[PDB]
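Just so you know, the sequences run in chain order A and B. Residue numbers for the first sequence follow the working numbering, beginning at 1 and rising by one. Residue numbers for the second sequence follow the working numbering, beginning at 1 and rising by one. Below you'll find the structure, written out as structure tokens, and then a few comments.
Number of protein chains: 2
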Amino acid sequence: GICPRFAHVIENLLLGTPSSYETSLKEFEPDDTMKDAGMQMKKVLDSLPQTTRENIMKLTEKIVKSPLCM
Amino acid sequence: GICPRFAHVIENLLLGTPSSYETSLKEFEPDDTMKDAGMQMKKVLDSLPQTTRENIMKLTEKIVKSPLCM
């Protein structure tokens with residue numbers, strides 16, 4: 001159950017840059033309060049190692065593409 | 001919209017307790033590295049103030065509800 005625009009956002013959160021991510025945000029027209037919150041989130045997740053983030057990517061893939069999501 | 005099994009992970013990761021959340025990851029039988037990264041995510045997320053979290057939750061919610069997705 002890959003909604004692509006959503007997968008775009010999630011891939012930027014984990015692997016992108018803060019800018020890349022703020023940019024995914026805007027076609028959804030998030031609120032002032034929603035957009036601060038998303039960036040606060042980006043801040044803490046980027047404090048993890050890049051292999052870490054990556055594996056989280058791998059875990060995510062594993063769920064949206066699992067039998068149970070088809 | 002969103003695969004319900006996966007909306008159930010998003011919810012324990014922003015709003016549950018760590019054990020709710022690890023349980024929810026084990027039901028997919030993630031390998032250990034995958035799982036440990038999963039756990040590292042909840043660890044760092046748990047430094048956010050509950051309305052930040054609530055705000056990430058609404059944002060997720062608007063995205064999947066968009067005409068862009070669903």
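Virtual Cβ for every residue (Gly too), placed ideally from N, Cα, C.
(1) At the level of alpha carbons, what is the spacing between residue 12 of chain B and residue 9 of chain A?
(2) For a contact meaning CB atoms closer than 8 Å, what does residue 41 of chain A contact in chain B?
(3) Would you mind telling me which residues of chain A sit closer than 7 Å to residue 33 of chain B, beta carbon to beta carbon, in chain order?
(4) Once the 5 residues before and after residue 53 of chain B are set aside, which same chain residues still bring their CB inside 7 Å of it?
(5) Using beta carbons (cut-off 9 Å, strictly below), is residue 26 of chain B in contact with chain A?
(6) Comparing the C-beta of residue 16 of chain B with each C-beta of chain A, is any distance below 9 Å?
(7) Please tell me whether residue 20 of chain A has its Cβ less than 9 Å away from any Cβ of chain B.
(8) Check the Cβ of residue 13 of chain B against every Cβ in chain A and list those closer than 8 Å, keeping chain order.
The relevant details are as follows:
(1) One C-alpha to the other measures close to 20 Å.
(2) Here the neighbours are 45, 48, 52, 56.
(3) Residue 33 of chain B reaches chain A at 55, counting residues in chain order whose Cβ is nearer than 7 Å.
(4) In the same chain as residue 53 of chain B, and ignoring 5 residues on each side of it, the C-beta atoms closer than 7 Å to its own belong to 14, 15, in chain order.
(5) The C-beta of residue 26 of chain B comes no closer than 9 Å to any C-beta of chain A.
(6) Residue 16 of chain B has a beta carbon lying at 9 Å or more from every beta carbon in chain A.
(7) Chain B places no beta carbon closer than 9 Å to that of residue 20 of chain A, leaving this residue out of the contacts.
(8) Near residue 13 of chain B there are no residues of chain A at all, since even the closest Cβ is about 10 Å away, more than 8 Å.
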